[PDB]
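Chain and residue survey
The residues making up each chain are set out below.
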Amino acid sequence: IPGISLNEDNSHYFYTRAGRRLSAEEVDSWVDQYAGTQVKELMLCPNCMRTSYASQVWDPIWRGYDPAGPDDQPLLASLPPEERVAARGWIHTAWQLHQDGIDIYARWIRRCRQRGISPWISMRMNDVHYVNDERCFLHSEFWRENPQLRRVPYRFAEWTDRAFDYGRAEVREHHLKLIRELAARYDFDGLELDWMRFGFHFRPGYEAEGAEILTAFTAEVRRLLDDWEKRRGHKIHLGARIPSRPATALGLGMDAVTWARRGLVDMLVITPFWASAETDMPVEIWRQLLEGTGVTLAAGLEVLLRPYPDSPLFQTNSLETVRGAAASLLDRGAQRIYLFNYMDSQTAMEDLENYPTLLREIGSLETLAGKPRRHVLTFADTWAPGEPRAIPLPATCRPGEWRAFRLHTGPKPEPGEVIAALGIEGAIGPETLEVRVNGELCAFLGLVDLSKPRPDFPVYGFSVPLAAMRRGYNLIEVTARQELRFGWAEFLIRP
Amino acid sequence: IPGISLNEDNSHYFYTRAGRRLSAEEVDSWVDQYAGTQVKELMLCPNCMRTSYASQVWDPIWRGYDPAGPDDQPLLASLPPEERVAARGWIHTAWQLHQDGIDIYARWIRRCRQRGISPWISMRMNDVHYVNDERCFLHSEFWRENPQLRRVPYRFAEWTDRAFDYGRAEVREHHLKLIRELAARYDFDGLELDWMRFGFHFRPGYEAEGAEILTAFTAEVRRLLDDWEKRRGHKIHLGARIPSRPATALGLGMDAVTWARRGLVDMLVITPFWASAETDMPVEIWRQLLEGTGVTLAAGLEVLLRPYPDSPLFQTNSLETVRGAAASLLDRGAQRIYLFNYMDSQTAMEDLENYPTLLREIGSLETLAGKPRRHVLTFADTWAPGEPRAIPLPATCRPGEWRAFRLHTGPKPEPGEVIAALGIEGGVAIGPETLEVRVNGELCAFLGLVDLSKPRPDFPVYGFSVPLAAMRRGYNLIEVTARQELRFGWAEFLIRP
Ligand SMILES: O=C(CO)N[C@H]1[C@H]([C@H](O)[C@H](O)CO)O[C@](O)(C(=O)O)C[C@@H]1O
Ligand SMILES: O=C(CO)N[C@H]1[C@H]([C@H](O)[C@H](O)CO)O[C@](O)(C(=O)O)C[C@@H]1O
């Protein structure tokens, strides 16, 4: 079966377990929820601009920390009073584990290997959370002291504006120092260069030179791990997270076809940044690009599910919507489903009771088969600077005009019900819309009470004749008698 | 050098030479203007829904024609009186040629090799001109009698709604009858399948089964040409015209990577349909996709240059703007520049005096190098039904907001002037500090209003002096912020040593 790669971020475990002395036994139990599922690999993130373990070459999260002191101390001063409580949870929990001689990543790796999971280290290569606050606890003293090493000096409109420029040798050396320590300190099966935090690593306009620079950096990483294979006596993998379309990937200085062909990486994770999980990604094109290279292609899901970038909705995926994306992507040739931000609490799916069910279904077409699923239209949140953007929603239809929406619904539906659903933003009757799926007339059903995630405007349901649906993309065509704007579209498949 | 491939359409010669009695010598003389140029292959197109030659298996353009009759005769009755004169120039020149025992395509093929040019035939697979007019002279009787074989029966909002559905067996057989006759009648160096007239071949939603079907159809074509290889005593090439981006090509049922890997085709032309040349096409991606297949990748240019699909401007490329596109696409790895609608008259660049210079320059970075060129921002006119569209212009900038435009300018600039030029739509006057323009992060000095040569917008264009050493090989980034709300309708890089 393809199976699941699940990412545990750098902060979550420390935020959620704060205020309790953690025993080695408890730390170990975290790995156990993942045993005997479709999870093949845990990607354990130990860093932002700072480490959550006791690094000797970077700043740990607790550098500057007074354990005994009040919340209002120099490290937390720049935060509002209530946000210091959460930040100090992370800082104090990670500190107290060090004090107790517990290395969390050393214990998780060891427990993974007992429970038949492959343990990975995922490194955040260029995290910029809260760089609007130059005094923030989670920035490195290296970032604070070296404003000249940033990507964009002439403006500050986005956090990525203040990310590090890997065009600079001092910047590449800074990140290679952590990878050198991480190789030494931890015997992991694989290192995953998480380029997708936050995906922007070069001066605007120098991305072509950047592609050469990143390919050369990757080669140095692979050479280092080749040396640790001998010391460690087992193969060590190298993977990377990159954008969802191949033109955007190259446009952000990530030429992965070259990394693959030169044998530098053996896994690639195509993924959005954050704003929504892309239900539509061109997997088939990447498979053709990567033919013969021995690289596993993983399709990355994010937790949010949102219809367009300006939407005020911030709801997460549900078991049904993840079943929809999983079936789609596996059908298109994904060799792994990768879950970022699907954790056991706080940053997680809102229907959390379904978590164990999810970890045992979405890694295979046979386990998803004949279970209800939802294929929601969304959008690509990440484009190279000045690259034309393609955003389906929202969509206006004037009187007598036609609008089409293609949605990837993966395997041909089993015997059962198929609904096409359309949310209208801003007053329709049953004859205002004519809806066809693959040419075929769909019967009006009336208003549909959607489970979360759902818009906050009316959703109208159309009955699709079962035999209309095909394998892969499905085409919703509509014409309106009155001017309307669409803000949501999905297929629901219910055997 | 990569060189040029140049497409002569099915109608143009007959339109422009109408009302002269043509001799064999004159007919031969057409090829001669392409001799001693960077043109390597003439793509000769003999068909729409009707052939311009005397077919035995399809309708010639003159089926139903009364040579002696008046303009107002059955074949032309459906047309406005003025439009009848031009239509009949096409029908009567193609008819008279046949009456005088001249097969125009036989003669062009022969002359081509006398002149060192490789001659190709280029078939239009699904032309739909004027299908709003059910009684139009240039439709096949097969098309008129078989409305059930069209793509879309539930509406007529575009010509492509009445295109044929290649998902049907009877449609494939109809187009395979023409290929079988073309391979028998003409000794060509290769056949091009022109899928991009007009690009839409399948019922909306069935493009996945369409891909499997067109791959098998391409496999039958290749197998048939393998047979003719032994009869003709030399190699016959098979090529196709496909969309500009791999996701759209597959979405319209064209899996060219499979055609290339299975050895079905040895040339692919990536191209827009019509509405504008694309100056930005992902050549480098296609090159990675086709690696190890020996397929010749050609970048197709169209004659129109327009900034956005809803623009009312209909101006053609200039020598400078083709220099621009050509340099960009070669720099990116195009193994040929392919010209569509760049004829010798009527359907032609507006600066026609510069056509001989064009056919001697755009074929190599060496012959383009140091020469004035323009790199204009446009748009891709063709997307798969319901595929989201990425259109850069027009672009609104609110006060203190930033907008970026990435323009592919191919080779680094030689010692000279580089200008970023930006057209502002609407009735709003800017000051010289209204805009802040950066290229690859570097400030560009306001130059004032630019008087662009055609093609150009009908709204003010402002020029910014780019520091030379800012510019890089490949994509170059324009970043703009405005102190007042503005809409951009035009962007370019002008590079003049
Ligand atoms: O906000 C929290 C928990 O309070 N953690 C966030 C977490 C957090 O801000 C970082 O781990 C800080 O280094 O960041 C992410 O992992 C992310 O980058 O997508 C999402 C997660 O919700
Ligand atoms: O309209 C005319 C004749 O004046 N020729 C047009 C020509 C013409 O309509 C067709 O050859 C008729 O089948 O079509 C094209 O080649 C085209 O498809 O882009 C354009 C060309 O300008």
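Residues numbered from 1 in each chain as written, not as in the entry; some residues may be left out. Chains lettered and ligands numbered in written order. Heavy atoms only, no water.

The record lists X-ray crystallography as the method behind this PDB entry and 2.0000 Å as its resolution.

Counting its secondary structure elements, chain B contains 14 helices and 18 strands. Since a compact globule built from 497 residues should have a radius of gyration of about 23 Å, the 24 Å found for chain B is in line with a globular shape. On the principal axes, the C-alpha backbone points of chain B span a range of 70 × 50 × 45 Å. Counting every position in chain B, which comprises 497 residues, the buried fraction comes to 64%. When contacts within chain B are restricted to residue pairs at least 6 apart in sequence, those whose partners lie at least 24 apart make up 79%. Total accessible area on chain B stands at roughly 18000 Å², and carbon and sulfur atoms take up 49% of it. Of the side-chain charges in chain B, 59 are positive and 67 negative, and the distance between the mean point of each set is 3 Å. (Helix = DSSP H or I, 4+ residues; strand = E, 2+ residues; numbered from the N terminus. Rg over C-alpha atoms; globule rule 2.2 N^0.38 Å. Buried < 20%, exposed > 50% of the residue type's maximum accessible area, 1.4 Å probe, protein only. Contact = heavy atoms within 4.5 Å. Areas by Shrake-Rupley, 256 points an atom, 1.4 Å probe, with all protein chains shown as cover. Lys, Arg positive; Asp, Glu negative; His and termini not counted. Charge placed at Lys NZ, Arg CZ, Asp CG, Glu CD.)

This part is about the overall build of chain A. Helices and strands together make up the secondary structure of chain A, namely 13 helices and 18 strands. Against the globule reference of 23 Å for 495 residues, chain A gives a C-alpha radius of gyration of 24 Å, in line with a compact fold. Each of the three principal axes of chain A carries a C-alpha extent, and together these read 70 × 50 × 45 Å. Scored against the burial criterion, the 495 residues of chain A give a buried share of 64%. Just so you have it, chain A exposes about 18200 Å², and 48% of that area is on carbon and sulfur atoms. Of note, chain A has its 59 positive side-chain charges centred 3 Å away from the centre of its 67 negative side-chain charges.

Take the site of ligand 2 next. Residues and elements named next belong to chain B. Around ligand 2, the surrounding shell holds 14 residues, and the nearest of these are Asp9, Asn10, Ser11, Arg124 and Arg197. Taking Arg124, its side chain carries an N or O atom lying 2.8 Å from an oxygen atom of ligand 2. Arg197 places a polar side-chain atom, nitrogen or oxygen, 2.8 Å from an oxygen atom of ligand 2. For ligand 2, whose free accessible area comes to 490 Å², the fraction covered by protein is 85%. Broken down by class, the residue content of the shell around ligand 2 amounts to five nonpolar, six polar and three charged. (Near = heavy atom within 4 Å. Polar contact = N/O pair within 3.5 Å; in protein donor to acceptor, adjacent residues only side chain to side chain. Nonpolar A, V, L, I, M, F, W, Y, C, P; charged D, E, K, R; others polar.)

On to the packing of helix α2 (residues 24–32) of chain B against helix α5 (residues 104–114) of chain B. Axis angle and axis distance: for two packed helices, these are the angle between their axes and the distance between the axes, and together they describe the pair. Residue and element names in this part refer to chain B. Between α2 and α5, whose axes approach to 9 Å, the crossing angle comes to 50°. Considered as vectors, α2 and α5 are oriented oblique to each other. The chirality of how α2 crosses α5 is right-handed. On the side of α2, the interface is formed by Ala24, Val27, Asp28, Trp30, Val31 and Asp32, while α5 contributes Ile104, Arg107, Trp108, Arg111 and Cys112. The residue inventory of the contact of α2 with α5, partitioned by class, reads seven nonpolar, no polar and four charged. (Axes fitted to C-alpha atoms, helices over the stretch in contact; angles between N-to-C directions. Parallel < 35°, antiparallel > 145°, perpendicular 65-115°, else oblique. Left-handed = near helix turned anticlockwise from the far one by under 90°.)

Turning our eyes to something else, we now look at the interface of chain B and chain A. Taken together, the 38 residues of chain B in the interface contact 40 residues of chain A. Interface of chain B and chain A: buried area, both sides summed, is about 3400 Å²; carbon and sulfur atoms make up 57% of it. The interface formed by chain B and chain A holds three salt bridges in total. Of the charged contacts in the structure, one is a salt bridge between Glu479 of chain B and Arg155 of chain A, with a shortest N-O distance of 2.6 Å. Between the two partners, chain B and chain A, sit 11 residue pairs in polar contact. When the residues that make up the side of chain B that touches chain A are grouped by side-chain class, the tally is 19 nonpolar, seven polar and 12 charged. (Buried area = accessible area lost by both parts, 1.4 Å probe. Salt bridge = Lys/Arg side-chain N within 4 Å of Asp/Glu carboxyl O.)

Residue and element names in this part refer to chain A. Around ligand 1, the surrounding shell holds 15 residues, and the nearest of these are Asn10, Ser11, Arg124, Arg197 and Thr347. In this structure, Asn10 approaches ligand 1 through a side-chain N or O atom, which is 2.4 Å from an oxygen atom. Between ligand 1 and the protein, one listed contact pairs an oxygen atom with a side-chain N or O atom of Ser11 at 2.7 Å. The fraction of the free accessible surface of ligand 1 (490 Å²) that becomes covered by protein chains is 84%. A per-class count over the shell around ligand 1 returns six nonpolar, six polar and three charged.

Residues and elements named next belong to chain A. Turning to its location among the elements, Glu278 is positioned in the loop between β6 (267–270) and α10 (283–290). At 4.2 Å, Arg245 is the nearest oppositely charged side chain to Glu278, a buried residue that forms no salt bridge. At 2.5 Å, the side chain of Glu278 forms a polar contact with the side chain of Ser244. The residues contacting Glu278, other than those within four sequence positions of it, are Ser244, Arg245, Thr271, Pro272, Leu301, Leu329, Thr378, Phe379 and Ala380.

All names here are of chain B. The first and last C-alpha atoms of helix α12 (residues 319–332) sit 20 Å apart over 14 residues, in line with the 20 Å expected at 1.5 Å per residue. Of all 14 residues making up α12, 13 are buried, and the element is well covered by its neighbours. Following α12 by one or two positions, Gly333 adopts a phi angle in the positive range, close to 120°. (Expected span 1.5 Å × (residues − 1).)

Looking down a regular strand, the side chains alternate between one sheet face and the other. Residue and element names in this part refer to chain B. With burial as the criterion, each face of strand β6 (residues 267–270) is covered, one bearing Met267 and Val269 and the other bearing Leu268 and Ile270. Sheet topology note: the strand β5 (residues 237–242)/β6 ladder contains four bridges and is parallel. If you follow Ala240 over to β6, its bridge partner there is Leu268. Each parallel crossover has a hand, and for β6 linked through helix α11 (residues 283–290) to strand β7 (residues 296–302) it is right-handed. (Pairing = 2+ DSSP bridges. Right-handed = clockwise from strand over helix to strand, strands pointing away.)

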